[PDB]
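Enquirer: Below you'll find the structure I mean.
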Amino acid sequence: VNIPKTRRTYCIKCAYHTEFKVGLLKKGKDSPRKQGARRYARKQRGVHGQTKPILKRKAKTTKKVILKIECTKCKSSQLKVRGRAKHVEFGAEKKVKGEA
Amino acid sequence: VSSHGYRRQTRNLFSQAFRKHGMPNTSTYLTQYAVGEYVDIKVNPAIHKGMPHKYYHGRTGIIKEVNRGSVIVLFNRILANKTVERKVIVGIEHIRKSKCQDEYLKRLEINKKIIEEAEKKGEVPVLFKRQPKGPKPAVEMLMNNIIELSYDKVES
RNA sequence: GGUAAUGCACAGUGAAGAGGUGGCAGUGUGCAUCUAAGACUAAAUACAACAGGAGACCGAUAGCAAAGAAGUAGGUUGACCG
RNA sequence: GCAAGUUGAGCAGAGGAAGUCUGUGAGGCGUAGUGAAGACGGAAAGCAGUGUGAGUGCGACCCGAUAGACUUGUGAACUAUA
RNA sequence: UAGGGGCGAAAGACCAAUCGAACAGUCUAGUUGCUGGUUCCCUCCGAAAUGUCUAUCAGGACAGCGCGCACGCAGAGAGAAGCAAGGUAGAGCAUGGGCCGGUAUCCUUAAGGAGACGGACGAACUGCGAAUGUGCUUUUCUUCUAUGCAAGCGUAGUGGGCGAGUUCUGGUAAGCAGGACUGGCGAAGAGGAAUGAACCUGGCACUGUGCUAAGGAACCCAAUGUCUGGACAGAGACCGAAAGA
RNA sequence: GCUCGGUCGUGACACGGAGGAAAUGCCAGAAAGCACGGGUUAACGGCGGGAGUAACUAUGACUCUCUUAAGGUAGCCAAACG
RNA sequence: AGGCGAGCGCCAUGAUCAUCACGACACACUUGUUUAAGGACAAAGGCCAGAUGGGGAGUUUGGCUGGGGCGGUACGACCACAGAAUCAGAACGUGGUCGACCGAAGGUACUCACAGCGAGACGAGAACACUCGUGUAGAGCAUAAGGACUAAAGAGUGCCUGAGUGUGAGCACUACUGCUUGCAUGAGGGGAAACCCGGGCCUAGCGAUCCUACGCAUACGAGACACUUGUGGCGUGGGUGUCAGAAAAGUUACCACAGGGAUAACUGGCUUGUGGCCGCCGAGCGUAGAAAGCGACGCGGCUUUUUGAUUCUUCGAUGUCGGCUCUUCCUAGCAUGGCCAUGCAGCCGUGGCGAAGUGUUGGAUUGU
RNA sequence: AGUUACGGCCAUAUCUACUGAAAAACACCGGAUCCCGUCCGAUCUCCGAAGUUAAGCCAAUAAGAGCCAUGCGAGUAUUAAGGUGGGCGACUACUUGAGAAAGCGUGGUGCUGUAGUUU
Ligand SMILES: [K+]
Ligand SMILES: [K+]
Ligand SMILES: [K+]
Ligand SMILES: [K+]
Ligand SMILES: [K+]
Ligand SMILES: [K+]
Ligand SMILES: [K+]
Ligand SMILES: [K+]
Ligand SMILES: [K+]
Ligand SMILES: [K+]
Ligand SMILES: [K+]
Ligand SMILES: [K+]
Ligand SMILES: [K+]
Ligand SMILES: [K+]
Ligand SMILES: [K+]
Ligand SMILES: [K+]
Ligand SMILES: [K+]
Ligand SMILES: [K+]
Ligand SMILES: [K+]
Ligand SMILES: [K+]
Ligand SMILES: [K+]
Ligand SMILES: [K+]
Ligand SMILES: [K+]
Ligand SMILES: [K+]
Ligand SMILES: [K+]
Ligand SMILES: [K+]
Ligand SMILES: [K+]
Ligand SMILES: [K+]
Ligand SMILES: [K+]
Ligand SMILES: [K+]
Ligand SMILES: [K+]
Ligand SMILES: [K+]
Ligand SMILES: [K+]
Ligand SMILES: [K+]
Ligand SMILES: [K+]
Ligand SMILES: [K+]
Ligand SMILES: [K+]
Ligand SMILES: [K+]
Ligand SMILES: [K+]
Ligand SMILES: [K+]
Ligand SMILES: [K+]
Ligand SMILES: [Mg+2]
Ligand SMILES: [Mg+2]
Ligand SMILES: [Mg+2]
Ligand SMILES: [Mg+2]
Ligand SMILES: [Mg+2]
Ligand SMILES: [Mg+2]
Ligand SMILES: [Mg+2]
Ligand SMILES: [Mg+2]
Ligand SMILES: [Mg+2]
Ligand SMILES: [Mg+2]
Ligand SMILES: [Mg+2]
Ligand SMILES: [Mg+2]
Ligand SMILES: [Mg+2]
Ligand SMILES: [Mg+2]
Ligand SMILES: [Mg+2]
Ligand SMILES: [Mg+2]
Ligand SMILES: [Mg+2]
Ligand SMILES: [Mg+2]
Ligand SMILES: [Mg+2]
Ligand SMILES: [Mg+2]
Ligand SMILES: [Mg+2]
Ligand SMILES: [Mg+2]
Ligand SMILES: [Mg+2]
Ligand SMILES: [Mg+2]
Ligand SMILES: [Mg+2]
Ligand SMILES: [Mg+2]
Ligand SMILES: [Mg+2]
Ligand SMILES: [Mg+2]
Ligand SMILES: [Mg+2]
Ligand SMILES: [Mg+2]
Ligand SMILES: [Mg+2]
Ligand SMILES: [Mg+2]
Ligand SMILES: [Zn+2]
């Protein structure tokens, strides 16, 4: 699947159509200071073994394509969801018809 | 085993009749509908928006609400041994005006005359009910021109 | 229950004379309230053996295992069992 | 039974008394709802008992495993080896 | 030398008639979706063995079918009369699949091929199309109807089914395995098929007199005779094929 | 699997470093192991297929071809092992 | 405080704190070398952290299934067939497909067809490019199967990113999911305009609570106030294929317990494929000649003595193969008695009929 | 009464040969300068009247093919309810009801709405 690097679309904050910059969303790093991390650290602490379950019988191959789009004027962001695909490319050459 | 998609088992239903393929006729689009009319559903397979589920094909119901190019029709259905009302959205290409009230409306037109006179002259209407066909009538016959019948045909 | 430590310990480290606390981690600053690392204390509260009084309780296959010389006659190699 | 209210909380006063009568007097639920909350507000008789059917927890309609653990409890008079 | 320990010229042998983990006592009335049992009379009403989800398939829960209390109340497991939808039985072989043979004529060969046509066919072929069954409106439409219906609230049992008639799928078949429709036995006695869960007659408080059903009428055993044709085989009343004199 | 040698890399807590008002984080650091190179079967164990070819026919000493860590030696057999 | 190369890094040596070997003494610590020998090493203790660890400890090792196991997946989805013409409707019934792909194969406006067949046109042939006439789809429509489509939904060509943003109501047995449809807005698109567009012509390509990552504004914050961390709310992603969602390998012939004829290993019952026995027809063969004796290719039956198929009875127990011993029954007749046919000279035979009274043995190898 | 513009129901209107037609239209027809579009003024777009009823459109003809109706096939095929009807089965007779199709015969061959124009 090929996606262009730019898209003119409606910006909710500006309340009219504007140019946006287009790219794949990126998963950030887990923080030790959140309530879930704190709870788990304390529970693991003693001689208690493994205290929470871990998935082993996994089954899926792909994961869902998700695009982050940024408004060039006001820097606000929107998230667009596009379904499952094994491979993604940004800004490659057009699928020109009637090749040799 | 069978499957359970939205258009399961519709090979015979949802197919055009012989020498009747193509889009609908102008009369379909120029018919005006109103709340409270009785209407009859027959799906046109060539139109892919506003199709009802195939249970409703060939059933008749009553118009509840009217929109730009679609209608909402009220139906009743038995589920788990109880009666349930159902509100079905249909596009105007898949409906035709029902004939089911025709005779009753004629009868009302006759009643509407009598019920006025019944205030002036009588006290109660005669009301013009239908009656089922009675016994066989009496006959007077001239008795010339007799025809005899016989087992002449041997039927080898 | 005590949740980015409620209390108690062990090893390293280890104060100030001024310190401790105000149910969420940190740094600063007013405000409120107390004074740890020494000791004593009545009354109002809990419950066997033994004694006394009561009862919509049980009435000798019941009520304590046991209404007579009952933890007896008798039994386990033994602990114990009856 | 009383009713926009209702109630034998504990406890005190009287009384030849584990009964009964009278006080003082909390709390709880009700007298109208909506949201995580900041915030806002606009329908619907209840409270306490005497009993019956029925749910849940305790031995839980009655009888019944192979097993698991804990003791500062016992055994080499049969049988094994030095 | 003592119990998750001993001791073994090794067999998981032996450790007080106990050993692939001793005995005593306690926690403990350990747990059980599994087996057994569960104590007086009469009156009235009366089921289910199906659907969805479940480490679910000998169990649950939710819904469906009972009963009790019942605010209330024009309704009905039947017909007519207008109106819709359907592709089965029959019938056919016009698109698609597909078997055998063709006159004149045509094309080449001097073979064969095509053919104006006939016969034979499909659960996944259709050009046509029933009966029975399904839904809508009208009591302004016959006929019945209060000893009747009944929202709502509370709560039970059930969730192994099996059989007859009519039909269907898998299988050489089966008192075999699995669906659909209308009544049964389950939970149903009485009279009849000699006997039999389900077949025929026909639904049960307690008495007395009459009459009929189904099935019978020499005798067992309450009631029997008549007329007309067939039939001679230790036949038939109970009973097997293709083929035959 | 066991054993011997070196690090070239990885690999903990401590101990340091930078920054910030401070907490939390970040960076470095890092034995033995692991990885890497050798030894070892009276250690656990393992030890092949397909084509042609000799003056009757058969059989193949001989040839070619695929393949490996090595392709079952000396013996013994329808044996308690066909 | 010195020196090098167009104040930089690089090369010299001089002051300031730890610090690793090596020596030499004796005081902790060690040893019956004890009026002694060692010596800050050893050995023995303590607190944290890595490595190894069936030596041990706890526990687990899905379901459906013509009994279980091995095999398949009828375990989550989609099309067609059948199930006696609405809808629904079982079996490890039938033919198949899915866990994706695409900036166009998405949205709009306009133009024109196609597969073939009959004539033509150098090289040029069966099959090259160009034309004329016919052409209801005999083509295409990415990917199963069905349905749909003709001045198009197919093939080309132009422009666009609606594969917008808030918030309602419903359909499929309706939670998740998929689709249909209402109102409001965009300094939205395409088209002259009426009209159409919030993915793919329609029916398939998918996933809760808690935790965590990101986007969006509006909240909270403990005696008070400021900031760094934190906690709330809505929406999407990270995943459970046993797909309405536990974190999981074997073996027991040493074996225990609760139950089951809801379910196997005997017999019996129903069935008779397979096993065995009998009929009908007459192509050929028999020295001539259908039929003394045979009888191809086909067709109809009977039996329960073989082995299957099914699970009705018994799992708080019906003793399981063969032999020995002893009795009775059946006939589909091997001998013995009476007969008929013959390819019956006689002898020996072969095919048939009524008949079950009396007979049908001794041994070698082998559990048979 | 036809035609023509815009329609309704979508073959009684289709397909193949032939033949007719007053008036007014409808067409073929003559050019490309511009607007517009092509390999190509063939198509599309624009500007025109020298010609012509030859074509199309309209109408007639044909023991025409196809479509539409009706009669017959036929109370035939199939089917609902019923009985201690029959048959070893496969299946089938009877009683009260409902009721076809193909073939083949005969007839048809567009009908209409609103406006404009032409004796
Ligand atoms: K004190
Ligand atoms: K006693
Ligand atoms: K004693
Ligand atoms: K209870
Ligand atoms: K017990
Ligand atoms: K011994
Ligand atoms: K033993
Ligand atoms: K033990
Ligand atoms: K169970
Ligand atoms: K009753
Ligand atoms: K079940
Ligand atoms: K329930
Ligand atoms: K056909
Ligand atoms: K058919
Ligand atoms: K239940
Ligand atoms: K029962
Ligand atoms: K009954
Ligand atoms: K009887
Ligand atoms: K029976
Ligand atoms: K008699
Ligand atoms: K050898
Ligand atoms: K051998
Ligand atoms: K010394
Ligand atoms: K010394
Ligand atoms: K010395
Ligand atoms: K273990
Ligand atoms: K089965
Ligand atoms: K399948
Ligand atoms: K397709
Ligand atoms: K505070
Ligand atoms: K406070
Ligand atoms: K949070
Ligand atoms: K997850
Ligand atoms: K599951
Ligand atoms: K195990
Ligand atoms: K053993
Ligand atoms: K068996
Ligand atoms: K048994
Ligand atoms: K035996
Ligand atoms: K004989
Ligand atoms: K005999
Ligand atoms: Mg730890
Ligand atoms: Mg269906
Ligand atoms: Mg705290
Ligand atoms: Mg007494
Ligand atoms: Mg006693
Ligand atoms: Mg003794
Ligand atoms: Mg309370
Ligand atoms: Mg109020
Ligand atoms: Mg008990
Ligand atoms: Mg345990
Ligand atoms: Mg059931
Ligand atoms: Mg049971
Ligand atoms: Mg048929
Ligand atoms: Mg069941
Ligand atoms: Mg009975
Ligand atoms: Mg041997
Ligand atoms: Mg199983
Ligand atoms: Mg498309
Ligand atoms: Mg849409
Ligand atoms: Mg769509
Ligand atoms: Mg599930
Ligand atoms: Mg059974
Ligand atoms: Mg047989
Ligand atoms: Mg037998
Ligand atoms: Mg016995
Ligand atoms: Mg028994
Ligand atoms: Mg016996
Ligand atoms: Mg005989
Ligand atoms: Mg003229
Ligand atoms: Mg020009
Ligand atoms: Mg021109
Ligand atoms: Mg002319
Ligand atoms: Zn913006």
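All residue names refer to the structure tokens as shown: chains lettered A, B, ... in order, residues numbered from 1 in each chain, ligands numbered from 1 in order.
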Kindly provide, as a PyMOL selection string, all nucleotide and amino acid residues lying within 12 Å of ligand 8, counting only C-alpha atoms (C1' of nucleotides) and all ligand atoms.
Expert: (chain D and resi 68-69) or (chain E and resi 2-5+19+21-23)
Enquirer: Would you return as a PyMOL selection string the members of stretch 3-134 of chain B that DSSP assigns to helix (DSSP H, G or I) on this structure's backbone?
Expert: chain B and resi 26-30+92-94+102-120
Enquirer: Go ahead and save the residues from that selection, with N, CA, C and O atoms, as a compact mmCIF listing (two decimals), in the first residue's frame.
Expert:
# COMPACT_ATOMS: atom_id res chain seq x y z
N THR B 26 -40.17 5.36 -15.07
CA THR B 26 -40.35 6.70 -14.53
C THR B 26 -41.44 6.74 -13.46
O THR B 26 -41.31 7.49 -12.49
N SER B 27 -42.49 5.95 -13.65
CA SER B 27 -43.61 5.92 -12.73
C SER B 27 -43.19 5.64 -11.28
O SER B 27 -43.83 6.14 -10.34
N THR B 28 -42.12 4.85 -11.11
CA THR B 28 -41.52 4.52 -9.83
C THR B 28 -41.09 5.79 -9.09
O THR B 28 -41.32 5.91 -7.89
N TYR B 29 -40.48 6.73 -9.82
CA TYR B 29 -39.93 7.93 -9.23
C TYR B 29 -40.94 9.05 -9.08
O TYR B 29 -40.72 9.96 -8.28
N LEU B 30 -42.04 9.03 -9.83
CA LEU B 30 -42.99 10.12 -9.80
C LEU B 30 -44.17 9.83 -8.86
O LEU B 30 -45.07 10.66 -8.77
N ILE B 92 -37.39 4.06 -1.99
CA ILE B 92 -38.64 4.17 -2.75
C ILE B 92 -38.66 3.31 -4.01
O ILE B 92 -39.72 3.07 -4.58
N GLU B 93 -37.49 2.82 -4.44
CA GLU B 93 -37.40 1.97 -5.61
C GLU B 93 -37.88 0.54 -5.33
O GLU B 93 -38.19 -0.18 -6.27
N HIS B 94 -37.95 0.13 -4.06
CA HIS B 94 -38.31 -1.22 -3.67
C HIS B 94 -39.75 -1.34 -3.15
O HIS B 94 -40.12 -2.39 -2.62
N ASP B 102 -58.77 -1.56 -0.94
CA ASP B 102 -59.56 -1.03 -2.04
C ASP B 102 -61.08 -1.11 -1.83
O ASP B 102 -61.77 -0.10 -2.00
N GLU B 103 -61.58 -2.31 -1.50
CA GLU B 103 -63.01 -2.55 -1.37
C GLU B 103 -63.58 -1.82 -0.16
O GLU B 103 -64.68 -1.26 -0.23
N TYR B 104 -62.82 -1.80 0.93
CA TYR B 104 -63.25 -1.16 2.16
C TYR B 104 -63.46 0.32 1.94
O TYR B 104 -64.42 0.88 2.46
N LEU B 105 -62.59 0.96 1.15
CA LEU B 105 -62.71 2.38 0.88
C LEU B 105 -63.96 2.69 0.06
O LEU B 105 -64.62 3.69 0.34
N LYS B 106 -64.33 1.81 -0.88
CA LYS B 106 -65.57 1.98 -1.65
C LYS B 106 -66.80 1.91 -0.74
O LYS B 106 -67.74 2.69 -0.88
N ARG B 107 -66.78 0.95 0.19
CA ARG B 107 -67.86 0.70 1.13
C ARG B 107 -68.02 1.90 2.06
O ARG B 107 -69.14 2.29 2.38
N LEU B 108 -66.89 2.50 2.47
CA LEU B 108 -66.93 3.69 3.30
C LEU B 108 -67.59 4.86 2.57
O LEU B 108 -68.35 5.60 3.18
N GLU B 109 -67.36 4.98 1.26
CA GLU B 109 -67.98 6.04 0.48
C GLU B 109 -69.50 5.93 0.45
O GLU B 109 -70.18 6.96 0.41
N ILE B 110 -70.04 4.70 0.49
CA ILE B 110 -71.49 4.48 0.50
C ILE B 110 -72.04 4.75 1.90
O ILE B 110 -73.04 5.46 2.04
N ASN B 111 -71.37 4.22 2.92
CA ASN B 111 -71.73 4.45 4.32
C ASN B 111 -71.81 5.95 4.64
O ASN B 111 -72.71 6.36 5.38
N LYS B 112 -70.89 6.76 4.10
CA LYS B 112 -70.78 8.19 4.38
C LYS B 112 -72.02 8.97 3.95
O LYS B 112 -72.30 10.02 4.53
N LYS B 113 -72.75 8.48 2.94
CA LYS B 113 -74.01 9.08 2.52
C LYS B 113 -75.11 8.77 3.53
O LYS B 113 -75.76 9.67 4.06
N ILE B 114 -75.30 7.47 3.81
CA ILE B 114 -76.38 6.93 4.63
C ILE B 114 -76.32 7.49 6.05
O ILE B 114 -77.36 7.83 6.61
N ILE B 115 -75.11 7.61 6.62
CA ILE B 115 -74.92 7.98 8.02
C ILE B 115 -75.39 9.41 8.30
O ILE B 115 -75.66 9.74 9.46
N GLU B 116 -75.50 10.23 7.25
CA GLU B 116 -76.01 11.60 7.35
C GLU B 116 -77.54 11.61 7.36
O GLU B 116 -78.16 12.27 8.20
N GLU B 117 -78.15 10.86 6.42
CA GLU B 117 -79.59 10.70 6.30
C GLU B 117 -80.19 10.05 7.55
O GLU B 117 -81.33 10.35 7.92
N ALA B 118 -79.41 9.17 8.21
CA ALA B 118 -79.79 8.45 9.42
C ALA B 118 -79.97 9.39 10.62
O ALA B 118 -80.55 8.97 11.62
N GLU B 119 -79.49 10.64 10.52
CA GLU B 119 -79.69 11.64 11.56
C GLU B 119 -80.97 12.45 11.30
O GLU B 119 -81.58 12.95 12.25
N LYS B 120 -81.35 12.57 10.02
CA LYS B 120 -82.41 13.46 9.56
C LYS B 120 -83.78 12.78 9.63
O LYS B 120 -84.76 13.41 10.05
Enquirer: I'd like the contact shell of stretch 34-37 of chain E - 10 Å cut-off, only C-alpha atoms (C1' of nucleotides), skipping same-chain residues fewer than 4 positions apart - returned as an MDAnalysis selection string.
Expert: (chainID D and resid 62:64) or (chainID E and resid 58) or (chainID G and resid 258:260)
Enquirer: Please, could you write that set of residues out with C-alpha atoms (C1' of nucleotides) as a PDB file, in the first residue's frame?
Expert:
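Listed below is the output, part_4.pdb:
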ATOM      1  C1'   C D  62     -29.015 -36.938  55.940  1.00  0.00           C
ATOM      2  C1'   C D  63     -24.655 -40.600  55.047  1.00  0.00           C
ATOM      3  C1'   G D  64     -20.205 -41.583  52.116  1.00  0.00           C
TER       4        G D  64
ATOM      5  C1'   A E  58     -23.625 -37.198  33.451  1.00  0.00           C
TER       6        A E  58
ATOM      7  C1'   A G 258     -16.292 -41.885  42.932  1.00  0.00           C
ATOM      8  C1'   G G 259     -19.456 -43.512  39.299  1.00  0.00           C
ATOM      9  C1'   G G 260     -21.169 -45.475  34.223  1.00  0.00           C
TER      10        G G 260
END
Enquirer: Per residue of chain E within 10 Å of ligand 7, which atom pair is closest and at what distance in Å (one decimal), using only C-alpha atoms (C1' of nucleotides) and all ligand atoms, listed by chain and increasing number, as CSV?
Expert:
residue,atom,partner,partner_atom_place_in_ligand_line,distance
E:12,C1',ligand 7,1 (K),9.0
E:13,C1',ligand 7,1 (K),7.5
E:14,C1',ligand 7,1 (K),8.5
E:18,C1',ligand 7,1 (K),9.4
E:19,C1',ligand 7,1 (K),6.6
Enquirer: Could you write out, as an MDAnalysis selection string, all the residues of stretch 3-79 of chain B that DSSP marks as strand (DSSP E or B)?
Expert: chainID B and resid 38:41 60:66 70:79
Enquirer: Once you count only C-alpha atoms (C1' of nucleotides) and all ligand atoms, which residues end up within 12 Å of ligand 15, and could you hand them over as a VMD selection string?
Expert: chain E and resid 48 59 to 63 156 to 159
Enquirer: Give me, as a ChimeraX atom specification, the set of residues whose atoms come within 10 Å of any atom of ligand 47, counting only C-alpha atoms (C1' of nucleotides) and all ligand atoms.
Expert: /C:75-77
Enquirer: Excluding residue E:98 and any residue of its chain fewer than 3 positions from it, enumerate the residues within 12 Å of it, using only C-alpha atoms (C1' of nucleotides), and give them as a PyMOL selection string.
Expert: chain E and resi 93+120-122+125
Enquirer: Suppose we keep C-alpha atoms (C1' of nucleotides); can you now write the selection as a PDB file, in the first residue's frame?
Expert:
ATOM      1  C1'   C E  93     -35.179 -29.606 -23.236  1.00  0.00           C
ATOM      2  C1'   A E 120     -32.934 -40.520 -24.693  1.00  0.00           C
ATOM      3  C1'   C E 121     -31.449 -36.933 -20.054  1.00  0.00           C
ATOM      4  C1'   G E 122     -29.331 -33.185 -14.593  1.00  0.00           C
ATOM      5  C1'   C E 125     -30.393 -27.138 -16.344  1.00  0.00           C
TER       6        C E 125
END
Enquirer: Near chain B, which residues of chain E fall within 10 Å when you count only C-alpha atoms (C1' of nucleotides), and what do they look like as a PyMOL selection string?
Expert: chain E and resi 51+63-64+80-87+127+135-142
Enquirer: Output C-alpha atoms (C1' of nucleotides) for every residue in the selection just made, as a PDB file, in the first residue's frame.
Expert:
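Writing the result to again.pdb gives the following:
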ATOM      1  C1'   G E  51     -33.329 -22.073  21.318  1.00  0.00           C
ATOM      2  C1'   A E  63     -35.539 -17.233  27.372  1.00  0.00           C
ATOM      3  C1'   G E  64     -39.985 -20.700  26.119  1.00  0.00           C
ATOM      4  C1'   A E  80     -65.685 -16.436   3.728  1.00  0.00           C
ATOM      5  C1'   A E  81     -64.506 -11.796   0.556  1.00  0.00           C
ATOM      6  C1'   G E  82     -60.740  -8.666  -1.753  1.00  0.00           C
ATOM      7  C1'   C E  83     -55.021  -8.714  -1.986  1.00  0.00           C
ATOM      8  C1'   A E  84     -49.620 -10.259  -1.938  1.00  0.00           C
ATOM      9  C1'   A E  85     -45.179 -13.348  -2.087  1.00  0.00           C
ATOM     10  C1'   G E  86     -43.312 -18.560  -3.534  1.00  0.00           C
ATOM     11  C1'   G E  87     -40.563 -22.276  -8.127  1.00  0.00           C
ATOM     12  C1'   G E 127     -39.281 -20.576 -21.416  1.00  0.00           C
ATOM     13  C1'   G E 135     -49.105 -13.360   5.486  1.00  0.00           C
ATOM     14  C1'   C E 136     -52.370  -8.416   5.007  1.00  0.00           C
ATOM     15  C1'   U E 137     -57.160  -5.843   5.423  1.00  0.00           C
ATOM     16  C1'   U E 138     -62.562  -5.912   6.759  1.00  0.00           C
ATOM     17  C1'   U E 139     -67.353  -7.808  12.303  1.00  0.00           C
ATOM     18  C1'   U E 140     -68.670  -1.347   7.879  1.00  0.00           C
ATOM     19  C1'   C E 141     -68.567 -10.236   7.602  1.00  0.00           C
ATOM     20  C1'   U E 142     -70.701 -15.400   8.669  1.00  0.00           C
TER      21        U E 142
END
